[PDB]
Amino acid sequence: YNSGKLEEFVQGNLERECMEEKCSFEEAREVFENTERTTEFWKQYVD
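For this deposited structure, the header cites solution NMR as the method used.

K.L.:
Which residues make up the overall build of the protein, and what are the values?
P.N.:
Helix and strand counts for the protein come out as 3 helices and 0 strands. Counting from the amino terminus, the protein carries its helices and strands in the arrangement α-α-α. In terms of its C-alpha atoms, the protein occupies a principal-axis envelope of roughly 30 × 20 × 15 Å. Contacts in the protein between residues far apart in sequence, at least 24 positions, make up 9% of those at least 6 positions apart.

K.L.:
Tell me what's going on with unusual backbone geometry, and back it up with residues and numbers.
P.N.:
You will see that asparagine 2, though not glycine, has its phi angle at about 50°, which is positive. Locating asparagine 2 in the fold gives a position in the segment before α1 (14-19). For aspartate 47, which is not a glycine, the phi torsion comes out positive at approximately 75°. Structurally, the position occupied by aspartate 47 is in the segment after α3 (35-42).

K.L.:
Please provide a residue-by-residue account of the environment of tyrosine 45, values included.
P.N.:
Examined against the element boundaries, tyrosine 45 turns out to sit in the segment after α3. Considering only alpha carbons, one finds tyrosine 45 and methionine 19, 26 residues apart in sequence, at a separation of 8.4 Å. Residues contacting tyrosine 45, with those up to four places away along its chain left out, are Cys18, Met19, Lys22 and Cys23. Within polar-contact distance, the side chain of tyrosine 45 engages the backbone oxygen of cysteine 18 at 3.1 Å.

K.L.:
I'd like to hear about the environment of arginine 29, residue by residue, with values.
P.N.:
As for its position among the elements, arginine 29 is in helix α2 (residues 25-31). On a C-alpha basis, the gap between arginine 29 and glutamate 15 in space is 13 Å, while along the polypeptide they are 14 residues apart.

Calculation criteria
Residues numbered from 1 in each chain as written, not as in the entry; some residues may be left out. Heavy atoms only, no water. Residues with missing side-chain atoms left out of burial classes, pairs and counts. Helix = DSSP H or I, 4+ residues; strand = E, 2+ residues; numbered from the N terminus. Contact = heavy atoms within 4.5 Å. Polar contact = N/O pair within 3.5 Å; in protein donor to acceptor, adjacent residues only side chain to side chain.

What follows is the structure in structure tokens.
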């Protein structure tokens, strides 16, 4: 869930971060970065 140590400097993997453990909508919007794409994605991942 992006504790903020040695996982920000990695590439872009929405799974290792968002799927596996935990994650904010914002989190997606850094790798993903298309916040529209990520909100739709968000409506099948939130709740």
